[PDB]
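# Results of the structural survey
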Amino acid sequence: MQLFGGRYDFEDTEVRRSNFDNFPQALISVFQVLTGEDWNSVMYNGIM
Amino acid sequence: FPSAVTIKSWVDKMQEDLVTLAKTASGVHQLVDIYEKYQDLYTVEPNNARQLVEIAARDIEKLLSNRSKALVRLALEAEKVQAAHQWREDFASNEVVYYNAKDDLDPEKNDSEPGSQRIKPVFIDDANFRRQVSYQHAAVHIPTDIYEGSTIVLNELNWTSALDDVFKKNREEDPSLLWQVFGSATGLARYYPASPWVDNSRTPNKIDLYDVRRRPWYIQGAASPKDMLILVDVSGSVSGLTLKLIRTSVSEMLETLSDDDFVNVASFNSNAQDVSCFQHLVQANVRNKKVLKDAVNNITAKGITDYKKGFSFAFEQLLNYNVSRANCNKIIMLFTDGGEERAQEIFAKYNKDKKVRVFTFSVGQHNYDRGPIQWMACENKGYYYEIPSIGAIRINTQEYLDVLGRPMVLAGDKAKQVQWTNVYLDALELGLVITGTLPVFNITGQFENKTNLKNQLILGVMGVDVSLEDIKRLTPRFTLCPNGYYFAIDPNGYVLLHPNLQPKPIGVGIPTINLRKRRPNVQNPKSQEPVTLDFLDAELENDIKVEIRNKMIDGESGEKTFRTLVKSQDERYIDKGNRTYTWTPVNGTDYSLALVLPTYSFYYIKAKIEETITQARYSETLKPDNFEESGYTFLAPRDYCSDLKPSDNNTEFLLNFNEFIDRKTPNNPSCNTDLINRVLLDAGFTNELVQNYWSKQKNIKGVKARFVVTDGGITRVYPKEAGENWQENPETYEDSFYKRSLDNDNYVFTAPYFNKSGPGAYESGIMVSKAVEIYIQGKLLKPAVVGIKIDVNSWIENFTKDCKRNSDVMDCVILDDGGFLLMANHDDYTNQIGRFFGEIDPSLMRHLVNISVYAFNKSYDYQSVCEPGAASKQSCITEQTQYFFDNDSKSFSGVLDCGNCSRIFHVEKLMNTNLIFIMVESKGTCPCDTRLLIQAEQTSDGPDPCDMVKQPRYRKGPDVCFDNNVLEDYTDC
Ligand SMILES: *[C@@H]1O[C@H](CO)[C@@H](O[C@@H]2O[C@H](CO)[C@@H](O[C@@H]3O[C@H](CO)[C@@H](O)[C@H](O)[C@@H]3O)[C@H](O)[C@H]2NC(C)=O)[C@H](O)[C@H]1NC(C)=O
Ligand SMILES: *[C@@H]1O[C@H](CO)[C@@H](O[C@@H]2O[C@H](CO)[C@@H](O[C@@H]3O[C@H](CO)[C@@H](O)[C@H](O)[C@@H]3O)[C@H](O)[C@H]2NC(C)=O)[C@H](O)[C@H]1NC(C)=O
Ligand SMILES: *[C@@H]1O[C@H](CO)[C@@H](O[C@@H]2O[C@H](CO)[C@@H](O)[C@H](O)[C@H]2NC(C)=O)[C@H](O)[C@H]1NC(C)=O
Ligand SMILES: *[C@@H]1O[C@H](CO)[C@@H](O[C@@H]2O[C@H](CO)[C@@H](O)[C@H](O)[C@H]2NC(C)=O)[C@H](O)[C@H]1NC(C)=O
Ligand SMILES: *[C@@H]1O[C@H](CO)[C@@H](O)[C@H](O)[C@H]1NC(C)=O
Ligand SMILES: *[C@@H]1O[C@H](CO)[C@@H](O)[C@H](O)[C@H]1NC(C)=O
Ligand SMILES: *[C@@H]1O[C@H](CO)[C@@H](O)[C@H](O)[C@H]1NC(C)=O
Ligand SMILES: *[C@@H]1O[C@H](CO)[C@@H](O)[C@H](O)[C@H]1NC(C)=O
Ligand SMILES: [Ca+2]
Ligand SMILES: [Ca+2]
């Protein structure tokens, strides 16, 4: 939440739904990186 | 350097030489003599320009009242018809049969969607429509993203199908009527007669995105004019996908706005600034909106949201009352994502009685709370609209007119007033046109006042076009000379009818398209703007014309006579023309109509020839096999009779003209006698010249070609070899030189063009013209313009014999008014002949203006095309310069200095002509440039708008404004 909260303000019209904006959502995103699933596409949104 | 008397004596022997060559070879005094020799083939009648205007003002009254009656009956039927509709939902059981525009008409297709059944119509080709059309039924336009077969759409095509009987009853009564259409609230439009739409959906690769609701004609009759004020939320949360969406909604919201509507655009993030340079509500014309749509785009989101400073700034903007204003519906719309504060305090006072209407828009996909925004909308009798997507922008930024129309539909019959739109290009390619609209209301169970839940919306709007070519048939200009014309005007200053007005849309800014970001096959929107040229932009502005223009916006009558300068037909000259204006109001409407005449045009010639042999004998004069002793004759494409058509290939036309008089006597019971007759009389007057005068002197030495462009269209170039080079318009009321010859009392020289294509220099030559000027019973007339194309080579020999060809001591040139170069001594200049003299030695020309020898006026042409700039054609503004003598003094001596050198130039003006002779020391002795003073249509983006609107042009708004009925529902959001 500190690093990526409110930082997904991209002007594309596409959906980046595993983000870090609430606490429930952040928790879900964190769980998805531990299961390994699509974890790097969560990282590219954080580099961008 | 020769003395001032030597240049004086040497000009006087070569202006005496050109004028004697032109007075003798053209035959000015001979054509004067034969107009006066006869006296009795014609009579001389007056143009009573009080009377003519009054007569015209009434054919446009009756035309636009006849259109209106048709509009009223259609509306009555629609209201009555839909009050007896049952709302069925079984449509696969009972098909709705209608013809759908923008569908393949190929019989073998057979798509047959459920609920609907199409029509294959038969499509005769037509005139008054320049497209194939069917008169047996009305077509239906469904917009593209709207599905047809929806119960909401299927039920329109059911009840609206009773209009085809009233559609037919309008055209039976009036054959001339143009498109008749009902634009539905549902977004479905039906027009008569039926024709295929211009863009099919998927059969080409361009796809129409045309919506009836969006249309300007639909909008003006939907609702009353309005002072809106867009708030934009620019807080940090908006940045992202949502910020992107807002910039496209506001641009979209504006499309909706009209000239009668005023609008400003503000923006808040803990302070409310205003998005551009304006600070008050401005007229929301094509230009102002272009400024606002260019400042909405550059916005950056940052900072705390404050709805209290955003609505304080909005209300203050709403209360200016010093500026010019619409003063009708006052509404404020805010684009924002989520609000935690309802700002209850700002609304209590600023709008305690709810005079203002608030519309809140929630945009993008987000989690911010929407309850407060909805509450604001509900409290203020506005509405709420979400926009998540780009495809959702187009139907929500047009939908607020369902709310604003409500206190109009509660006004009853008082609200059923015809209004006429600004001129605009027709959807179907008809040309420039205006539409008269009327709104249809949803009355169901009126007898007993049973419902009213959805009875506060309009069913839709009904329109009928008038083409501007129909109004130009009520304002006939043939009796009057080329100089005279009729101008029509809004109460907004826009010109309904003008010679200057053109089909191309009026352009704003310098067009910049990025080629690096247009993917090749997607088809962006083309245009929808109205063609709003203003009277002070169709003509050169004075102060004695802003008096005339304001005086006939506020519906007065009058006349005025003054000296003003006319811009020439081609954009190169300016001629001081003593005009008289005369205006009156069209009493049915808000248009006021005027008429310009030049003193001397107060009398016209009517042909009074009726003998059998005399109309016969003059008619074989214009036979193309008989041009070996007559001269390559031309003929202007007037609408002589209804049957023979203007063809733009003139040898085609003159055969179909002259076949017509052989195959039938000129009495012609469906054809105007005077127009054809005058032409016949004229051809026996440009014959007796070409027989008894020009064919005597078969070759004059310096004379190339000899013409008589006359009134009756008949131009006669004298050798057929010369008539191949005659590159003029054969319509005599469109020739530039014809019109400059009438203003002047002296021989006029026309400079040839520089570069270009076709032979226009040595081959044809520079031309002199001069209007014929006769007096009948002490009454001035100018019937015709004689002329000569000069030979440029011979003229040089006379000129050469202190200037020596290719001399290095000093060079001398002859320049006609306007500064164009006709003759150059050096020959490094006479190759570039007909060129603006400030492009071949810009240092001298710059000085000449300073000495007061030359004067100029830059103007703006709001209808012109240009190539884009990187940042096939768009419309743009060009600035245009013309040059003209402002000082009557004959000679001008002096010296110009560039720095470290002097050049002594001597200037003398030839008497009796526009030509000027100047002697100066060779350019090579002082190496000087300043910058190249050029005279061309020069792309530019002025005038700047932010300075026009601080002192706007006078204007008069609509008398009736419908808003704030006390019994409005104000409960649905
Ligand atoms: C909207 O569509 C409906 C459905 O097509 C139209 O209703 C139809 O109207 C016609 C004439 O009004 C009816 O024809 C009549 O049929 C009866 C027998 O049912 C016969 O006795 C009459 O002499 C006449 O032939 C037709 O039946 C009726 N259909 C139904 C299902 O009631 C309606 O006219 C359309 N609305 C408009 C405004 O066009
Ligand atoms: C003009 O106003 C009338 C009402 O004043 C509108 O008619 C109403 O149309 C609605 C459409 O939603 C009808 O409601 C529908 O009822 C059917 C039952 O037949 C139901 O299945 C639907 O879910 C929906 O509720 C309603 O019957 C009808 N009201 C009356 C009194 O007839 C009419 O739509 C307006 N005109 C136009 C062109 O929209
Ligand atoms: C336009 O209508 C006005 C009246 O509104 C006309 O003015 C009348 O002119 C007649 C003579 O032409 C006078 O007898 C009347 O007194 C005038 N009206 C009034 C109220 O004084 C005007 O003639 C009409 N013009 C056109 C071109 O139709
Ligand atoms: C168009 O050109 C004329 C030049 O003949 C301008 O008229 C003069 O304007 C100056 C100020 O620019 C005045 O001092 C003179 O008294 C004017 N003379 C006459 C004869 O009118 C005119 O201003 C120009 N129009 C525009 C819009 O620049
Ligand atoms: C040149 O002078 C001769 C002799 O005066 C004259 O005949 C001729 O017309 C002049 N050139 C022209 C046509 O300007
Ligand atoms: C107006 O309508 C009447 C009656 O149909 C007709 O005689 C007249 O020519 C019409 N005028 C115009 C300008 O269409
Ligand atoms: C303009 O009016 C004056 C006064 O009536 C007249 O002398 C002058 O000739 C008119 N202008 C022109 C170009 O004829
Ligand atoms: C004439 O030239 C002088 C010197 O260049 C300049 O000061 C003056 O403004 C010029 N006159 C006009 C009418 O511009
Ligand atoms: Ca895995
Ligand atoms: Ca915010």
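### Some points on the overall build of chain A
Regarding its fold elements, chain A presents two helices and zero strands. Residue burial in chain A is summarised as follows: out of 48 residues, 25% are buried. In chain A, the proportion of contacts linking residues at least 24 apart, taken out of those at least 6 apart, comes to 25%. Total accessible area on chain A stands at roughly 3,800 Å², and carbon and sulfur atoms take up 58% of it.

### Re the UniProt feature "domain: VWFA" in chain B
Feature annotation in UniProt places "domain: VWFA" on residues 227–404 of chain B, given in this structure's numbering. What you have in residues 227–404 of chain B is 32% helix and 21% strand, and the ends, taken at the C-alpha atoms, are 12 Å apart.

### Topic: the interface of chain A and chain B
Listed per partner, the contact involves five residues of chain A and six residues of chain B. Carbon and sulfur atoms supply 51% of the area that chain A and chain B bury against each other, a total of about 470 Å² over both sides. Contact with chain B buries surface across chain A, with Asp9, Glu11 and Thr13 of chain A losing the most and accounting together for 80% of the total. On the surface where chain A and chain B come into contact, there are one salt bridge. In this structure, the salt-bridge partner of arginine 247 of chain B is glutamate 11 of chain A, at a minimum N-O distance of 3.6 Å. One can count one residue pair in polar contact joining chain A with chain B.

### Observations concerning the sheet that holds strand 22 (residues 592–598) of chain B
Residues and elements named next belong to chain B. With antiparallel pairing, five strands are arranged side by side in an open sheet as 19-18-22-21-20. Pairing within the sheet leaves two strands with one partner each, and these edge strands are strand 19 (495–497) and strand 20 (558–567). Ignoring which end each strand starts from, the neighbouring axes of this sheet average 35 degrees apart. Judged from the ten bridges that link them, strand 20 and strand 21 (residues 574–585) form a sheet pairing that is antiparallel.

### Here we look at the state of the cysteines
In protein structure, a disulfide is the covalent linkage between the sulfur atoms of two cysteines. Residue and element names in this part refer to chain B. All chains considered together, the criterion is met by seven disulfides over all chains. There is a disulfide in this structure between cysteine 277 and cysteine 946, and the S-S distance comes to 2.0 Å. Between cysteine 277 and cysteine 946, the disulfide has an S-S torsion of -75 degrees and is therefore left-handed. When its relative accessible area of 27% is taken as the criterion, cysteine 277 is described as partly exposed. In this structure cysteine 946 comes out as buried when scored by relative accessible area, which is 15%. The side chain of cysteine 378 participates in a disulfide bridge whose partner is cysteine 973; the two sulfur atoms lie 2.3 Å from each other.

### Focus on the pattern of salt bridges
A full pass over the atoms with the stated rule returns 46 salt bridges over all chains. Between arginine 16 of chain A and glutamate 14 of chain A there is a salt bridge, with the nearest N and O atoms lying 2.6 Å from each other. A salt bridge links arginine 740 of chain B to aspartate 575 of chain B, with the shortest nitrogen-to-oxygen separation between them at 2.6 Å. Here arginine 740 of chain B is found in helix 22 (residues 736–743), whereas its partner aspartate 575 of chain B is found in strand 21, with 165 residues between them in sequence. By relative accessible area, which is 6% here, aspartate 575 of chain B ends up buried.

### Concerning the pairing of strand 34 (residues 821–824) of chain B
Residue and element names in this part refer to chain B. Two strands pair when backbone bridges link them, and strand 33 (residues 810–815) and strand 34 are joined in this way by three bridges, in the antiparallel orientation. Note that in strand 34 the partner of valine 813 across the bridge is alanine 824. Taking the residues that link successive antiparallel strands as the turn, the strand 33-strand 34 hairpin has five residues, and the phi of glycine 818 there is positive, at about 100 degrees.

### Brief notes about the packing of aromatic side chains
Residues and elements named next belong to chain B. Counting across every chain of the model gives 47 aromatic pairs over all chains. Ring geometry for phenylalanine 487 and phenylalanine 535: centres 4.6 Å apart, planes at 5 degrees, overall stacked. Of this pair, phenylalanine 487 sits in strand 18 (residues 485–489) while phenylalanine 535 is found in helix 16 (residues 535–538), placing the two residues 48 residues apart along the sequence. Classification of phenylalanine 487 by relative accessible area gives buried; the value is 0%. With a relative accessible area of 1%, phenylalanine 535 lands in the buried category. Grouped by ring-pair contacts, the aromatic residues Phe129, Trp179, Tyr191, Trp197 and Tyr210 constitute a single cluster. The positively charged end of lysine 349 is found above the aromatic ring belonging to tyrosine 350, 3.2 Å away from the centroid. Cation over ring: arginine 835 sits above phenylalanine 754, and NZ or CZ is 4.4 Å from the ring centre.

About the cut-offs
- Residues numbered from 1 in each chain as written, not as in the entry; some residues may be left out.
- Chains lettered and ligands numbered in written order.
- Part of a larger assembly, values for the part shown.
- Heavy atoms only, no water.
- Helix = DSSP H or I, 4+ residues; strand = E, 2+ residues; numbered from the N terminus.
- Buried < 20%, exposed > 50% of the residue type's maximum accessible area, 1.4 Å probe, protein only.
- Contact = heavy atoms within 4.5 Å.
- Areas by Shrake-Rupley, 256 points an atom, 1.4 Å probe, with all protein chains shown as cover.
- UniProt positions renumbered as here; feature names shortened; annotations may be inferred.
- Buried area = accessible area lost by both parts, 1.4 Å probe.
- Salt bridge = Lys/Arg side-chain N within 4 Å of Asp/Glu carboxyl O.
- Polar contact = N/O pair within 3.5 Å; in protein donor to acceptor, adjacent residues only side chain to side chain.
- Pairing = 2+ DSSP bridges.
- Axes fitted to C-alpha atoms, helices over the stretch in contact; angles between N-to-C directions.
- Disulfide = S-S within 2.5 Å.
- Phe/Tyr/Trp six-rings, centres within 6.5 Å; stacked < 30°, edge-to-face > 60°.
- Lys NZ or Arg CZ within 6 Å of the ring centre and 35° of its normal.

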